[PDB]
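Visitor: generate a structure from the sequence data that follows.
(2 chains)
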Amino acid sequence: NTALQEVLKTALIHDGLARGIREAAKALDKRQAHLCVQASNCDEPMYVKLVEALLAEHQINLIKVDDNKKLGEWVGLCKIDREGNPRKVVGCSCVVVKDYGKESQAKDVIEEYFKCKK
RNA sequence: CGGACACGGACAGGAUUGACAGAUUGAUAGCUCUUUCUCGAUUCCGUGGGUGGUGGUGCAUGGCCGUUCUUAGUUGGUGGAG
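Guide: Numbering: from 1, shown residues only, chains lettered A, B, ... in the order given. You can find the structure just below:
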């Protein structure tokens, strides 16, 4: 439960993420891929059928979350503000991190990973 | 586009750059078409707005110069006409 809340959120700042209408399906073909995340409300589940054919066969590693209406202010464009509107952006279904570069609380994500999925 | 910014939408389930091969070209300008690969929020689209101008106006101006002016001319400060 700590893995869901705060320790994924310690390293998502400036790294090689996924952002844009060709990029998320572009940058997954790379062997720098550390821990990633998937929004589990994709309307056609055939896009995520492709990434599940991509993720488990090598060491790519997911966390399931709800959507992108709430991750829409997590990826890098925040629309709610003291002046921003409640609807400017929609986030992504699938972003990655290709190099951490910092070890702030980067253990509870990596401890969770070889904990339950062996 | 070398149209900064302000606002609204379109933007990760598909905005925007680049580009070989073939008509397309005056031309190795993907200019544009044909099929498709590619860059990664940078932007595009409309709406207000700066901008650039060897664009007009020397009869709106400045500065500079030229001339009447290449000759000896010019002017105040406190002094006559019951």
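Visitor: from here on, just use CA atoms for contacts and neighbour counts.
Guide: Will do.
Visitor: and the residue located most distally from the centre of chain A, how far from residue A:70?
Guide: The C-alpha centroid of chain A is most remote from residue A:83, which lies 26.7 Å away (Cα atoms, centre = their mean). Distance of residue A:83 to residue A:70, given as Cα to Cα, to the nearest Å: 18 Å.
Visitor: same thing with residue A:107?
Guide: Counting by Cα to Cα, the gap from residue A:107 to residue A:70 is 25 Å.
Visitor: could you do residue A:53 as well?
Guide: Between residue A:53 and residue A:70 the distance is 26 Å, computed by Cα to Cα.
Visitor: okay, the two: which has more neighbours?
Guide: The neighbour comparison of residue A:53 against residue A:70 (other Cα atoms under 10 Å) goes to residue A:70, with 13 against 10.
Visitor: which strand residues bridge the residue nearest to residue A:67 when sequence neighbours are not counted?
Guide: Spatial nearest neighbour of residue A:67, excluding adjacent residues (Cα to Cα, 6 or more residues apart in numbering): residue A:39 at 4.7 Å. Bridge pairing for residue A:39 (DSSP bridges) gives the partners residue A:65.
Visitor: many thanks, we can stop here.
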